[PDB]
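Only one chain comes next, encoded as structure tokens, the form deposited in one PDB entry.
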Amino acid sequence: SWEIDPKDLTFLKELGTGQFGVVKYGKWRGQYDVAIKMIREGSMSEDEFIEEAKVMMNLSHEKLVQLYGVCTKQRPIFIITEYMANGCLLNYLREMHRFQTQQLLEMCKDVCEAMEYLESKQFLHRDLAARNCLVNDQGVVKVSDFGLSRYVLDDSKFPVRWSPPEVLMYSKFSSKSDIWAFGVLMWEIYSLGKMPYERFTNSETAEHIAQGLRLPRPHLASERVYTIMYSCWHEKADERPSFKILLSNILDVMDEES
């Protein structure tokens, strides 16, 4: 299956503390560079996650952080993935790399590709945000932590700033809720890691979201690009474009800038 022998891993350095515990860098079998996530005890519904990991393991796409396996025959649980040299996208954006507007749209395309794949498989992310994206040594952005919020053990919140009205009111997660979050993700990229609704608390942001207050147009984003992210914020979920339409629109803008 997808079980990796924990005795075939080696911890060289600790990259930091992500969601669910610490992340290590090391070698798999003494042959492959990999990152190792140590699921902190008591931070996740492990039984449900272990059984669901089989489905998430089979998801294959270049813009999805490639998963190599897990170590569930022990504790803490291990998750072996590829090593993204540049780490989290949020910290990567807040470090100005002298980002060119063409590069910003490039990052949106990377995420939109992975989301279009998850959409084709009817797999919801539920927590799409710059903090959950990773960048490799070549500057490619890949989506991660997809479908994990459903197993988080809680021991308004912050993710409200990325949620649509139907999620804040009825927790009605769907493909259109990922569309809304992706629109906010585009806002973070063109905002260079700026926090959405930084002036309001979590509860205040939810109130303004329920009232219709959309995120403003970032400075580095043209009206052409802002129209794409703005389309993700239709009040009616059924009126929001799919990731196929979003990816198609992003491709049209990139082709014109060529």
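For clarity, a rigid core is taken as the largest C-alpha set superposing within 1.5 Å between two forms. Each residue number is its position in the shown sequence, starting from 1.
In what follows, reference is made to the form deposited in another entry, a form of this protein that is not presented.
Annotation: the position in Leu215, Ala35, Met38, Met229 displaced by at least 2 Å at CA between the shown form and the other one, with the core superposed, corresponds to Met38.
Positional change of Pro165 between the shown form and the other one reaches 2 Å or more at the C-alpha, relative to the superposed core.
Superposed on the core, the two forms barely differ at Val111: its CA moves less than 2 Å between the shown form and the other one. After superposition on the rigid core, the Cα of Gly87 moves by less than 2 Å between the shown form and the other one. Whereas the displayed form keeps them at a certain spacing, the CA atoms of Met115 and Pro164 lie at least 3 angstroms farther apart in the other entry. In the other entry, the CA atoms of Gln122 and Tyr170 draw together by 3 angstroms or more relative to this form.
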